Amino acid sequence: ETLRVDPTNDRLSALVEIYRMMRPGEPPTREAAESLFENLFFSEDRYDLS
Amino acid sequence: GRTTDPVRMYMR
Amino acid sequence: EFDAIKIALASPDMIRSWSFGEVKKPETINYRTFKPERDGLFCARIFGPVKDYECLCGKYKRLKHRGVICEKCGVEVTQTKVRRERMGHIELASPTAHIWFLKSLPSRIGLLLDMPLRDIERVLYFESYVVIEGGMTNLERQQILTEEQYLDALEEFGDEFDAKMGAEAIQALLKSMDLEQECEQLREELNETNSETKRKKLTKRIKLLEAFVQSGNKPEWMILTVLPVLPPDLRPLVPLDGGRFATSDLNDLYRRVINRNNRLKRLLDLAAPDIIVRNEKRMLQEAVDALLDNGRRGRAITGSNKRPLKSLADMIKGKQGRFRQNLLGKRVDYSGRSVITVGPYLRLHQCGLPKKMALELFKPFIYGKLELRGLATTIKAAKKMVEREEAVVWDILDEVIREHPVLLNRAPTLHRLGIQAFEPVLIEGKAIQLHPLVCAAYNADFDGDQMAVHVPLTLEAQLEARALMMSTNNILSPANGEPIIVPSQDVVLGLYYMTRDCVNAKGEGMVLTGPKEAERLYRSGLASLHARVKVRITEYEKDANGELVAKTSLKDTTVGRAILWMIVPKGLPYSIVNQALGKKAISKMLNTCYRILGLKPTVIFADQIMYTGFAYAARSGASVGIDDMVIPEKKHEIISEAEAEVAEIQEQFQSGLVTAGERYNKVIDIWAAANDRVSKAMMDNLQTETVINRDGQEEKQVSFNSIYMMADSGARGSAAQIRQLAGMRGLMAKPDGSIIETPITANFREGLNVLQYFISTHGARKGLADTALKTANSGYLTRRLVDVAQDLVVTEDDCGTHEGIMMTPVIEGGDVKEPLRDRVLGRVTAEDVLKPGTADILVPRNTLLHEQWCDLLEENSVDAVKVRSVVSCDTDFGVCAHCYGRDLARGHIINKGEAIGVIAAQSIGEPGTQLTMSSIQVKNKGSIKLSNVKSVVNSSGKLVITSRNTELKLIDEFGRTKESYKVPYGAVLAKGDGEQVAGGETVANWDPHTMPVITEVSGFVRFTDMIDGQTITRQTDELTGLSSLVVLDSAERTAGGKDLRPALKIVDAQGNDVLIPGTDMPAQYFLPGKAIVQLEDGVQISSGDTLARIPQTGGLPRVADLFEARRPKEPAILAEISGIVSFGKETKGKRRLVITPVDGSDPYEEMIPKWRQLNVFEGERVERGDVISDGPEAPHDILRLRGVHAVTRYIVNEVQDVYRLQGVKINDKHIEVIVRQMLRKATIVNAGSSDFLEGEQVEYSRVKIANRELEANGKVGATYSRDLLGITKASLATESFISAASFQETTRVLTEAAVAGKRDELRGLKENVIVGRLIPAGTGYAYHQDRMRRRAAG
Ligand SMILES: [Mg+2]
Ligand SMILES: [Zn+2]
Ligand SMILES: [Zn+2]
């Protein structure tokens, strides 16, 4: 039932919505969103669980 | 426009 | 001199007329020769010279020429103090918006233009256009665009329309609009759309437009074009030791503004592209906003150490702003502090002051005295004499301090007895000496506390320190009228040891001539202090007109009481000293001495008591040893006899006979019982266990054990602590609140385990942590109370009303908790009350009920008096002396000019640190009385009543109500009315989980009003076979069935509804869901048979919620008006209910959820105020439906419920003062030629004194309703903006006062404290009065 309140349908719309959340006020492109999401939790130089 | 930062308002 | 203070907006011309020139660059000072650079922020040509009477170049000097302006450097020759008064300005290159009038909700710009905040905050960032003029087109004023639509309109319409962007657009909008036309067109076009949702906002906008029209302001001055600059000495740049400098933050914030304005003036000359000029205008706006209010519209600009910079608004508001830090409390000269210690040889008006402290604090007095005696030629030689400490300096000091009082003070100052005046006695050493009897008003002791010393300088301050504040005028408390100087710890023990008796004491049996012989025998070693003797004693009395008559006798007494009798003054009975005295008896002694004789005999008697208590406590020799803690010999067996029971109750759990919850809840109480057995064995083995024998053989008497002696006398201790010393410690709680199973079976004389100690540390830390985090709540509550009550002062002598309030004892909750005497002592009678016959007048009907009148009332028996109150006083701007009554610290009628609000607030707030944060029986014999009743006889020969709200009272021998209960509805009264029943007899029987609801008359029951498929089932009890059509829950609901809510009704031999005697009534009631009804069909019943049944935080938080007027989250529902109740249109959002007057209109019907069980059936007739459900009541409803006296009574009773539960005594007019201050606002219902609006909120006194003048010369007045605001919402709604601004929320108060154009008349106490004047209370009351008379002169 969670799946039925999403406005998203595939990877690109999801990345665009995360980008709209983190940085409101400009439309993203196909590379800015992917890089921003790849920087959050999946890059050893901006994240470190001790 | 959902933002008030002037550096982003400029770079846009 | 001045009489008022004004506030408004500032035009550009006003800001240019305050200034002495324009600042043009960010230069502060030169880096080699630290002189102010020209035209910068510290410029000496604009702001004045940096030395006295010198220009900057050095050409002019020496005060010959005082008004010349140097021609080289432009500096004028004058004194440098003017660098604290002169301002400058900055001319902005594009207008900017003031952040206060844009972002303090509700925005004044968005309220004046009727635009959302989003549209304005989008036009202000050059992000959308806005249409200013429509021309002749489809576009209209205030329409919002985007760039593309702007281009379309350009190429389509051209020049006719007008669209702009940025703060110039908004200034054009604010400048073009017309206010009078707009408000008048809001007037006649509101009556159609006067629906509430539109009513509120339309009247708000109307009053805003009218405020702007009348105040004189202009709406466009909310957009800045000129900026002012603070004087340089209020934002200084200062060298430290070492060459380093230090600066304010306003310099950092002004430089950014200056050098972002200069860059825009450059770009507007290079004719740059607009994408760059827009970025400049945005940056200039952001910089000005951060100068005014830093963190309001975004991220806060920080400094080079990563901290946010402070702004012009952070220097005014808050706990560390100007108001609370520099204007309401200051640092002072002529003052000191030191450690305190005890001196036991002092009189009550004396303190010991060190010599060195006194030499420092009194220096100018000593200089003047030295050079008056000719001992020194000039003041500069007097200084060196004092500095060398010659011998004559110490003789001048002794006659300087002679008859010079000194104020002592210890923090925190919770009430006015925290500052007192003494006379000093010079000592050697460095600690201050304090009299042992004043340490209770200070809350002081000698484990390290410190005290502060202040010196009054002028003649009036000395007179007031002698007459008002001296410690020998302060013997009574101002909260209750009790004495405050009672003896505490060793006075009590010595006086108790000297007035005890003993059996077979040395010297028993003698007969003596007087007290002197008893003393001479005790000093010689021949008698004992505890010996039983016979003494001849002379005692006095006064029944003559002020004269004393003597009489002698022989009395049986001890030696010690005859010795003590030499201290007691003439006029008191001997029976006061013939007891074994303790703390309570000594307080009684002092109080009767104050009532009979007066003040000065009392202050001599207290000193004598203190001296003799100390002396005999010293001679007794009381000590504490390890053998004084006696453990009873039968504890070791009580413990085993509880452990066996807990084992045999565990093994009924291991074999599945009991649950876990009940197992735990049984072990708990089988340990509690054994604890109580141990404690009582201990206390009985200790209290009289003395077997002392006499002339022939043994007998018993009270013990002389040291611990028992100091616990029983009231000196130190209690039973609850000896229980831990010598008993067992008991049961310990978890930090959750859960109780551990195994208790602590040890005591402190025996020693605990590692584990018992560990589990005992939890509660210790919990208590220590609650104390520190409760003190803050108590202090915050006191501050809000003081702020609501500060301006109320006794103004007049008699207002002349006949209103009042009805005082009776409180008898609920058990026995009489508060007699009638403690509630009328001091008050003034409202009407001529009469003893229970007829025309037993005691009154000129204005009678201060002093003690003799209370005795007269109690020798008769009267239990209700109508008295006077402040919540019903007719004086506006104050109270009168007769509605207030007695001054609780002086003992007579209050004086006119007294500050009763601060006393009320302090008395309520001071004790706040001690707050914690199935059948009726009858005891004694008397008549039984019923009220609010309607009755019927039962089938089984008993009484039943059909009233819900009845009351059952017990009447005494004379007719004073001793107990009062109320019965549940439907209950069957075991016995009737007017009976004299003895105790132990039940009078009513109700079920503990059920209540029945009974029929009206004997008739024939029919199953009607319900079908199959309804909310009815045919559920029959298969084992016993009894079933009616039973009402269901909503889980077995059939929605199509509830067309008619089921009920089985009563019919005649006509088959139709039965007569009810008196009215053409339907005899039967329809009951809500899940009803238990098992009454047979075809088996009829009599009148009053079982037809249906009914199955089923204190402390500081509660006091704060009562004074703040919170709304409960399950509020009871009451009857709006009186009428016949019925269910309404049944719109099924949730249930509908209506009432109908027998004569009047009934448009009132409203919503009730089905969870809210109703207690009023469709045949009920209700009056105004009664409940339709149960739940905690809401004070606004109590004020709307019932009057002012009802909400007053409710509030004072619910507050006193919390204080009495802890032992705190507060009088009751102190709460009535606060309740009066919460009721100052009225709301208009119908204006009627009264110059008021139709739902505006006005002050109640304005409406009153307007209607008193309209009605004077024959006109129709206004009609209104009363309001109830909390304390913090009523503090902020007062009609002086300085008090409100200095209390809280300075930004909102100042913006609203600015756009409104208010003024202030300086009538409270805080307004005059701020500007340093004499307050209108006390010895300053006459002064102001005279000034007010000149207001009538001009
Ligand atoms: Mg202390
Ligand atoms: Zn000069
Ligand atoms: Zn009055």
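Rules behind the numbers
Within each chain the numbering goes from 1 in written sequence order, not necessarily matching the entry, and residues lacking coordinates are not shown. Following the order in which they are written, the chains are lettered starting with A and the ligands numbered starting with 1. Note that the displayed chains come from a larger assembly and that each value is computed for the displayed part only. Hydrogens and water molecules were not included; the side-chain quantities draw on all heavy atoms of the structure. The pocket and cavity definitions rest on a 1 Å grid over protein atoms only: a 1.4 Å probe that fits but cannot leave marks a cavity, an open set with protein on both sides within 12 Å along at least five of seven lines marks a pocket, and residues lining either have an atom within 4 Å of a point. Grid points are joined across faces, edges and corners, and a volume is the space filled by probe spheres set on the points. Secondary structure elements follow DSSP: runs of H or I of four or more residues count as helices, runs of E of two or more count as strands, with numbering from the N terminus. Classes in brief: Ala, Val, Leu, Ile, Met, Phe, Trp, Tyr, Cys and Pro nonpolar; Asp, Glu, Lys and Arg charged; the others, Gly included, polar. Definition used for salt bridges: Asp or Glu carboxyl oxygen within 4 Å of a side-chain nitrogen of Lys or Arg. Exposure is judged per residue with a 1.4 Å probe applied to protein chains only, and the accessible area is read against the type maximum: over 50% gives exposed, under 20% gives buried, and values in between give partly exposed. UniProt positions are given in the numbering used here, feature names are shortened, and annotations may be inferred rather than shown by experiment. Should any heavy atoms of two residues lie within 4.5 Å, those residues are considered in contact. In this analysis a donor is any N, O or S atom within 2.8 Å of a metal ion (3.2 Å for sodium, potassium and calcium), and since water is not included, sites may seem incomplete. Square planar and octahedral sites, with four and six donors, are those where opposite donors lie more than 155 degrees apart and all other angles lie between 65 and 115, tetrahedral sites have four donors with every angle between 85 and 135 degrees, and the rest are irregular. Throughout this description, a polar contact denotes any pair of N or O atoms lying within 3.5 Å of each other; where both atoms belong to protein, one of them has to be capable of donating a hydrogen while the other can accept it, and for residues adjacent in sequence the pair is counted only when both atoms sit in side chains.

Draft legend 1. Fine view of empty space enclosed by the protein. Residue and element names in this part refer to chain C. When its volume is computed, the largest cavity comes out at roughly 110 Å³. As for the largest cavity, its lining consists of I1117, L1118, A1119, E1120, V1125, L1137, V1138, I1139, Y1148, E1150, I1152 and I1172. When residues of the lining of the largest cavity are assigned to their parent elements, the largest contribution, three residues, is made by strand 38 (residues 1136–1140). When the residues that make up the lining of the largest cavity are grouped by side-chain class, the tally is ten nonpolar, no polar and two charged.

Draft legend 2. Up close: the pattern of salt bridges. All names here are of chain C. One pass over the full model with this rule turns up 53 salt bridges over all chains. Among the ionic pairs, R256 bridges to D252, the shortest N-O distance being 3.8 Å. Here the residue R256 and the residue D252 both occupy positions in helix 10 (residues 249–270), the gap between them amounting to four residues, near one helical turn. Note on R256: relative accessible area 22%, which makes it partly exposed.

Draft legend 3. Looking closely at the UniProt feature "binding site: Zn(2+) 1" in chain C. Residues and elements named next belong to chain C. On the UniProt side, "binding site: Zn(2+) 1" is annotated at positions that read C55, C57, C70 and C73 here. Judged by maximum C-alpha separation, these annotated positions cover 19 residues in sequence but sit close together in space, the widest gap being only 8.9 Å. Within the secondary structure, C70 is located in the loop between helix 2 (44–47) and strand 3 (87–97). Setting aside residues no more than four positions away along its own chain, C70 makes contact with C55, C57 and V75. Here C73 lies in the loop between helix 2 and strand 3. Judged by its relative accessible area of 12%, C73 is buried.

Draft legend 4. Expanded view of the coordination of the zinc ion (ligand 3). Residue and element names in this part refer to chain C. Protein-derived coordination of the zinc ion (ligand 3) comes from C799 (SG), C873 (SG), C880 (SG) and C883 (SG), at a distance range of 2.1 to 2.3 Å. Each of the four donor atoms around the zinc ion (ligand 3) contributes to a set of angles spanning 91 to 120°, which defines the coordination as tetrahedral. The sequence motif formed by the donor residues of the zinc ion (ligand 3) is C-x73-C-x6-C-x2-C. Given a relative accessible area of 9%, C873 falls into the buried group. The class for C880 is buried, based on a relative accessible area of 0%.

Draft legend 5. Fine view of the interface of chain A and chain B. In this assembly, four residues from chain A lie in contact with five residues from chain B. Inspection of the region where chain A meets chain B yields zero salt bridges. In this structure, the connection of chain A to chain B is made through one residue pair in polar contact. Looking at side-chain class alone, the side of chain A that touches chain B contains one nonpolar, one polar and two charged residues.

Draft legend 6. Geometry of unusual backbone geometry. All names here are of chain C. The step from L105 to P106 runs through a cis peptide bond, and the omega angle for that step is 0°. Within the element layout of this structure, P106 appears in the loop between helix 3 (100–103) and helix 4 (108–113). Put simply, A411 and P412 share a cis peptide bond, and its omega is 0°. Relative to the helices and strands, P412 is located in the loop between strand 11 (406–409) and strand 12 (419–427). Within the chain, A839 stands out as a residue other than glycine whose phi angle is a positive 65°. Among the structural elements, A839 can be located in the loop between helix 28 (821–824) and helix 29 (851–859). Owing to a relative accessible area of 55%, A839 belongs among the exposed residues under this scheme. Even without being a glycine, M917 presents a positive backbone phi close to 55°. Relative to the assigned elements, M917 resides in the loop between helix 31 (900–909) and strand 22 (919–920). According to the relative accessible area criterion, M917 is partly exposed, its value standing at 45%.

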